[PDB]
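Colleague: This is the structure I have questions about; it appears just below.
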Amino acid sequence: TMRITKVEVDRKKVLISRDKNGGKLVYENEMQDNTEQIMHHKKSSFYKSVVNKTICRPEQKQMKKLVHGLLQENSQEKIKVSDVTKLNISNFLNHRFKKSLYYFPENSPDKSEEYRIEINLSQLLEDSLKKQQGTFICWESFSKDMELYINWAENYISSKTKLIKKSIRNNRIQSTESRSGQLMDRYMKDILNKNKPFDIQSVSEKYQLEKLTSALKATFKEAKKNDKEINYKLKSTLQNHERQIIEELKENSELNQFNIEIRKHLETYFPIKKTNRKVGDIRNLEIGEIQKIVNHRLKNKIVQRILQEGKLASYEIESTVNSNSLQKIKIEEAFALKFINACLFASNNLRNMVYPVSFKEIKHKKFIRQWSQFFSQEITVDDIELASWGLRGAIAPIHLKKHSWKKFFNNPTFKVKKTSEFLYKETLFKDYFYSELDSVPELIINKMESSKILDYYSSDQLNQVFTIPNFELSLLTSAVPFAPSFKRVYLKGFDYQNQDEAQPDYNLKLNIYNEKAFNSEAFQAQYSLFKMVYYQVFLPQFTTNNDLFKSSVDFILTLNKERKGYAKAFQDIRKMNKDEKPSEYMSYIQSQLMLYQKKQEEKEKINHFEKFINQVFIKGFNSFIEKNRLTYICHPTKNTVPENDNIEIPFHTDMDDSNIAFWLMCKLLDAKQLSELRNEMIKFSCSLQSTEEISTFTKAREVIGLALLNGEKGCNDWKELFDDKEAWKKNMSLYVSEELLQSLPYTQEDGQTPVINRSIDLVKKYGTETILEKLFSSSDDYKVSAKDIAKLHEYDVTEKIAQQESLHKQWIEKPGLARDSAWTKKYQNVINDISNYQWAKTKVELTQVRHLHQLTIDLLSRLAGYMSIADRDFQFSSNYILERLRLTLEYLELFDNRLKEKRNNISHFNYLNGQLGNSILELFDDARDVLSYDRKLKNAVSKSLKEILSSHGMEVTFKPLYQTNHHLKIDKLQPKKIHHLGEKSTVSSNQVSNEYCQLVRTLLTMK
RNA sequence: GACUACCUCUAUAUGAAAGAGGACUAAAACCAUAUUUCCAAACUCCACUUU
């Protein structure tokens, strides 16, 4: 009934299999027409739907089995006649059986008034039980008198199971044998031959639109005192209008279409099945607006018709289009899409070296200074013909077609024109790549030297973590699509170990998830050491061993389905076979997660596949760390003798110099742009079939790992970024601007020797430095004050944080202190002291500039991700016309050269070249001028602005669109709240601050 | 319903096309950008925001 598909039938699952011949209801891994007998088993649930179609909201438990046992012979159960059935039977039925119900048999000879049958179920049920004279009910006698009702349900079930079964077999790909698909096929062919497809005013007169919208407004301005049911009785006045003009609704097929779109208009603004939440407007119902919208959302279906079989010509697939073949295109257009937006951000970085505004105008002194930040080496004066032409040949060599991914990462040569090609082997770049590879065992040590680690652990306790046999501190990290991050593993693992022990205990037998207190340096040693033993030593081995991975899944499944009752959530996901690779069982987990994405959101149910992937990886990291002797990490214990014994670590790699161009692209990316690329690459790698071409991807997925070790080296000396103290003091006075620069946080230890700031050089590496000098120079309350350093001495935060943890733990034993009006104010003042101290600490070290830089990149890279779908749709509708160019496309009102200007500067990152032109909120306004192509992509442009800012701790409101001449303008920007101590209280705290939010708005609206 | 989607099929035009389907089409979710929110467990089918 409700779910035909995605439902068990014979302890087997059900899928649909669309095809150009028709539709098919198939089991799971098979290919047979089983739509006849899947639909036959799906029939005890049709009886269960009719019983809930004849019974009411106080779902009574004695009328529930009287009705159900008439329909099912086996289901009938003995009940008493008189005592349990003596109520108001008329007040327990449905709202459809309260009054007499009339119908015609399914296959009646013809419509007539002598065929329609009458039924009063409240009358016909009282007349039988008085004729029932036994102590208990007799099924043979009762069924015989209820014969008038049983034929209603057998008619109801048998006709609905015929409508669903025809809705499936005709649901084919790109149908033209149907009504309203043949009609859109008629309209599409009358535009390529440049004609007019339809006329609104001539079809508005046959529909008699003015007889409607006058009766619709009447039903709106008439009564409707109660907000509930207003929406239901605009449906019935619309069903009344169709009834009087039905004689030509069956005879036109274009008039009929006019009714389907105006029906669909009504249940999106005056909803009936769509979670109301808002009072309707009378503006929508007015005549001349609905006709404008019908013109607007019927052309949407013509443009979607053109692109959807222009896709079937770019692949050579338009006769064998299959449901299975279509999915395969969805996947390889995700790896190819994520790979493009990385090249647009790497190409931006190559712009700022050469010419930020192409080879002729080079600032010569800036180039060498810019080169030393990406690459840790130093270039000569005589190499800028071979370095600036050598990098561009790594990014340059979008056509959405059949890709062959071998000879896509190789690229042996690059050309230099004044044309004379070089290899990358007899070049200066070769020395850089090899130098990086042979310094891996000391880049680990400097990552260990920093963030304590060596100051809290002894060197004998570190020579037995890189010395474990079968683990070699790889640069590879996983061979699986859905693996967690480490902070999801360690934080959620704290939740399973530390648990109340006062329950139906769900023990996982964990021991290493000990602390959570981030305020110490002892814990930040073991957190940083666990982090790198779970990424280099453990993730590669675990993911490729069949026995190690399987032994953790088999503990998890048998921990769940071995306790009493039926409520067991890991019920329908199967156990790992023997001789099965872990990249083949976790491709089963990924596919189940994405087929059940809609069924889990129709009803309010949680994603139970997420908390399965946690517990396997949480338990398996404990079994690793205890089978070896690696359990001393849980006790740091700061040492006294600085031990001068070396930590010798073994490492060997077979990377040849065929990767010496893709490494030059990964050195121009970020640290977040690199991690995301690697996650999409492991999804696309786990669906390919060849034994080669996967070794292409696992050799480039190791180049990314080598790039990550460096990441944020930056500078170390002082006078390599500046020349004098007066140029340092000129630049740094744009953010603090005082006589405060000769102090402790801003000079080294004594005298006048400076210190360089890690969030300020980072802005300079990228091109966002100019923008942030315009932001902080608008006001003067943005810079570091003398009172902000003065607040960092008012008191200590360690004695306040401790107080908060103590007061919170007492609330678990005494929840009644939530209504203690004196206690809840003391807890409020402790939170606001921790909050105000942490904003002043961040402001003093200029950490926020780092936050502003990250926030700006996310907004401009999302906008470059809509301009790549629009570019893919432009070449999908153009190559269809050239197979049958501009004079047709400017008759379809598609891509102009006024919108190609807007689509080009969004994609080419032209916001960052200093001078503004137009703000950020005028780039989201320009994105939905290009994407007015369809509503699916236009409606989502503003939906993704609010999601990005909401992840960074902020809300946003956006004034109504008809008042602002269709532009985006801010109403309210406010810090988002956390709601300490329960869910129905007033004790809360802002996620960021009111001061950070003001800075953010002055960035979004800044011309 | 810009946020607060969309598109294919389906007709005894009505207890209603108020029905089914979408990894098939978009957006999220997942991912190596520090820390305050108690936590863990909670099967399937069928209903359900008016009357």
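To be explicit about the labels: the chains of the structure tokens are called A, B, and onward in the order shown, and within each one the residues are counted from 1, while ligands get numbers from 1 in the order they are shown.
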If you count only C-alpha atoms (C1' of nucleotides), which residues fall within 8 Å of range 933-942 of chain A, apart from same-chain ones fewer than 4 positions away, as a VMD selection string?

Modeller: (chain A and resid 300 303 to 304 894 924 927 to 928 946) or (chain B and resid 2 to 3 5 to 6 26 to 27)

Colleague: Could you list, as number ranges by chain, every residue of chain B that has an atom within 6 Å of an atom of chain A, counting only C-alpha atoms (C1' of nucleotides)?

Modeller: B: 1-3, 6, 9-10, 15, 23-24, 31, 35, 37, 43, 46, 50

Colleague: Excluding same-chain residues fewer than 5 positions from range 423-436 of chain A, what lies within 8 Å of it counting only C-alpha atoms (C1' of nucleotides), as a list in words?

Modeller: residues 377, 412, 413, 414, 657, 660, 661, 663 and 706 of chain A

Colleague: Those selected residues, please, written with N, CA and C atoms and delivered as a short mmCIF file (atom, residue, chain, number, x, y, z; two decimals), in the first residue's frame.

Modeller:
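Output saved as result.cif:
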data_model
loop_
_atom_site.label_atom_id
_atom_site.label_comp_id
_atom_site.auth_asym_id
_atom_site.auth_seq_id
_atom_site.Cartn_x
_atom_site.Cartn_y
_atom_site.Cartn_z
N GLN A 377 61.79 25.50 -0.67
CA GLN A 377 63.11 25.74 -1.22
C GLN A 377 63.21 27.19 -1.70
N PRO A 412 53.93 13.37 -19.07
CA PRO A 412 55.40 13.40 -18.93
C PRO A 412 56.03 14.74 -19.26
N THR A 413 55.43 15.51 -20.15
CA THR A 413 56.06 16.68 -20.73
C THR A 413 55.30 17.95 -20.39
N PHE A 414 55.96 19.08 -20.63
CA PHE A 414 55.31 20.37 -20.69
C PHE A 414 56.03 21.19 -21.75
N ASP A 657 59.06 8.63 -10.85
CA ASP A 657 58.82 9.98 -11.33
C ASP A 657 57.85 10.02 -12.52
N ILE A 660 55.22 13.45 -11.12
CA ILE A 660 55.94 14.68 -10.83
C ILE A 660 55.23 15.88 -11.45
N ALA A 661 54.01 15.67 -11.91
CA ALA A 661 53.13 16.75 -12.31
C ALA A 661 51.89 16.86 -11.44
N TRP A 663 51.87 16.02 -8.33
CA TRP A 663 52.36 16.59 -7.08
C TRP A 663 52.43 18.10 -7.15
N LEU A 706 51.65 12.60 0.73
CA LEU A 706 52.99 13.22 0.80
C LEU A 706 52.83 14.74 0.93
#

Colleague: Quick one: residues within 12 Å of range 378-380 of chain A, only C-alpha atoms (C1' of nucleotides), excluding same-chain residues fewer than 2 positions away - as number ranges by chain?

Modeller: A: 364-365, 367-376, 382-388, 428-429, 432, 720

Colleague: Once you have the residues from the selection above, write them out as a tab-separated table (two decimals), in the first residue's frame, restricted to C-alpha atoms.

Modeller:
chain	number	residue	atom	x	y	z
A	364	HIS	CA	60.06	40.19	-9.71
A	365	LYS	CA	60.75	40.51	-5.98
A	367	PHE	CA	57.60	36.09	-7.06
A	368	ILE	CA	60.58	34.73	-5.12
A	369	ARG	CA	58.92	35.64	-1.82
A	370	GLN	CA	55.71	33.96	-2.99
A	371	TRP	CA	57.57	30.83	-4.14
A	372	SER	CA	59.21	30.22	-0.75
A	373	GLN	CA	55.85	29.74	0.99
A	374	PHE	CA	54.33	27.03	-1.19
A	375	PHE	CA	57.67	25.27	-1.73
A	376	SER	CA	60.14	25.20	1.13
A	382	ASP	CA	67.33	32.63	-13.74
A	383	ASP	CA	64.58	30.00	-13.49
A	384	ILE	CA	61.41	31.95	-14.24
A	385	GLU	CA	60.84	30.64	-17.75
A	386	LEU	CA	60.90	27.05	-16.61
A	387	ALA	CA	59.04	27.32	-13.31
A	388	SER	CA	56.17	29.54	-14.45
A	428	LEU	CA	64.74	21.48	-11.30
A	429	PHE	CA	61.28	20.11	-10.18
A	432	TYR	CA	62.26	19.08	-5.24
A	720	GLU	CA	62.45	36.75	5.13

Colleague: Once DSSP has gone over the backbone, tell me which residues of range 111-265 of chain A are in strand (DSSP E or B), as a PyMOL selection string.

Modeller: chain A and resi 117-119+136

Colleague: Can you write out the residues you just picked, keeping N, CA and C atoms, as an mmCIF file, in the first residue's frame?

Modeller:
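File again.cif, as written:
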data_model
loop_
_atom_site.group_PDB
_atom_site.id
_atom_site.type_symbol
_atom_site.label_atom_id
_atom_site.label_comp_id
_atom_site.auth_asym_id
_atom_site.auth_seq_id
_atom_site.Cartn_x
_atom_site.Cartn_y
_atom_site.Cartn_z
ATOM 1 N N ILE A 117 -24.517 0.935 -5.171
ATOM 2 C CA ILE A 117 -25.032 0.224 -3.963
ATOM 3 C C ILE A 117 -24.943 1.132 -2.732
ATOM 4 N N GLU A 118 -25.907 0.986 -1.817
ATOM 5 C CA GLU A 118 -25.972 1.733 -0.569
ATOM 6 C C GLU A 118 -25.380 0.902 0.563
ATOM 7 N N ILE A 119 -24.739 1.569 1.525
ATOM 8 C CA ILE A 119 -24.243 0.915 2.734
ATOM 9 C C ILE A 119 -24.259 1.907 3.896
ATOM 10 N N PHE A 136 -20.802 -16.218 22.817
ATOM 11 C CA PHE A 136 -19.810 -15.585 21.965
ATOM 12 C C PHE A 136 -20.359 -15.534 20.547
#

Colleague: List every residue of range 236-484 of chain A that DSSP, applied to the backbone, labels as alpha helix (DSSP H), and write the result as a ChimeraX atom specification.

Modeller: /A:236-244,246-249,255-269,290-298,300-314,323-354,364-374,388-395,428-437,440-449

Colleague: With only C-alpha atoms as the atoms that count, which of A:407, A:116, A:20, A:130 lies nearest to residue 152 in chain A?

Modeller: A:116

Colleague: For each of A:464, A:200, A:813, A:417, take the minimum atom-to-atom distance to residue 38 in chain B, counting only C-alpha atoms (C1' of nucleotides), then give the residue where this is smallest.

Modeller: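 Among A:464, A:200, A:813, A:417, it is A:813 that comes nearest to residue 38 in chain B.
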
Colleague: Do you know which residues are at most 10 Å from residue 82 in chain A counting only C-alpha atoms (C1' of nucleotides), after dropping those on the same chain fewer than 5 positions away, and could you put them as a JSON list (two decimals) with C-alpha atoms, in the first residue's frame?

Modeller:
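Saved file out.json follows:
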[["chain", "number", "residue", "atom", "x", "y", "z"],
["A", 87, "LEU", "CA", -20.78, 1.15, 22.73],
["A", 129, "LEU", "CA", -25.48, -8.47, 16.59],
["A", 130, "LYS", "CA", -29.05, -8.44, 17.89],
["A", 132, "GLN", "CA", -26.51, -12.99, 17.18],
["A", 133, "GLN", "CA", -27.86, -14.99, 20.11],
["A", 134, "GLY", "CA", -24.95, -17.09, 21.40],
["A", 135, "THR", "CA", -22.68, -16.35, 24.34],
["A", 136, "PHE", "CA", -19.81, -15.58, 21.97],
["A", 137, "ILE", "CA", -20.01, -14.49, 18.29]]

Colleague: For residue 969 in chain A, please output as a ChimeraX atom specification all residues within 7 Å (counting only C-alpha atoms (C1' of nucleotides); exclusion window: fewer than 2 positions along the same chain).

Modeller: /A:958-959,967,971

Colleague: Write the residues of the selection above to a file with N, CA, C and O atoms, as a PDB file, in the first residue's frame.

Modeller:
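Final file, selection.pdb:
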ATOM      1  N   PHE A 958      17.067  37.248   5.863  1.00  0.00           N
ATOM      2  CA  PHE A 958      16.679  37.575   4.481  1.00  0.00           C
ATOM      3  C   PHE A 958      15.241  38.055   4.280  1.00  0.00           C
ATOM      4  O   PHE A 958      14.351  37.224   4.088  1.00  0.00           O
ATOM      5  N   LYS A 959      14.982  39.368   4.412  1.00  0.00           N
ATOM      6  CA  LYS A 959      13.739  40.095   4.098  1.00  0.00           C
ATOM      7  C   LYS A 959      12.970  39.578   2.880  1.00  0.00           C
ATOM      8  O   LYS A 959      13.598  39.090   1.932  1.00  0.00           O
ATOM      9  N   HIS A 967      16.035  40.747  -4.651  1.00  0.00           N
ATOM     10  CA  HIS A 967      17.424  40.753  -4.230  1.00  0.00           C
ATOM     11  C   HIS A 967      17.499  40.207  -2.816  1.00  0.00           C
ATOM     12  O   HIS A 967      16.502  40.176  -2.096  1.00  0.00           O
ATOM     13  N   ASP A 971      18.055  40.738   7.183  1.00  0.00           N
ATOM     14  CA  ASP A 971      17.175  41.263   8.218  1.00  0.00           C
ATOM     15  C   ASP A 971      17.811  41.171   9.603  1.00  0.00           C
ATOM     16  O   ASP A 971      17.706  42.111  10.395  1.00  0.00           O
TER      17      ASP A 971
END

Colleague: Near residue 664 in chain A, within 8 Å and counting only C-alpha atoms (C1' of nucleotides), which residues show up once chain neighbours fewer than 4 positions away are dropped, as an MDAnalysis selection string?

Modeller: chainID A and resid 391 394 660 668

Colleague: Could you turn the residues from that selection into a file that holds N, CA and C atoms, as a JSON list (two decimals), in the first residue's frame?

Modeller:
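Result file is part.json:
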[["chain", "number", "residue", "atom", "x", "y", "z"],
["A", 391, "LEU", "N", 54.79, 24.86, -14.01],
["A", 391, "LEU", "CA", 53.62, 24.62, -13.17],
["A", 391, "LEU", "C", 52.35, 24.57, -13.99],
["A", 394, "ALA", "N", 51.12, 21.41, -15.44],
["A", 394, "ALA", "CA", 50.64, 20.40, -14.51],
["A", 394, "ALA", "C", 49.16, 20.53, -14.21],
["A", 660, "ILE", "N", 55.22, 13.45, -11.12],
["A", 660, "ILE", "CA", 55.94, 14.68, -10.83],
["A", 660, "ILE", "C", 55.23, 15.88, -11.45],
["A", 668, "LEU", "N", 49.60, 23.30, -4.62],
["A", 668, "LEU", "CA", 48.94, 24.59, -4.73],
["A", 668, "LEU", "C", 47.57, 24.61, -4.08]]
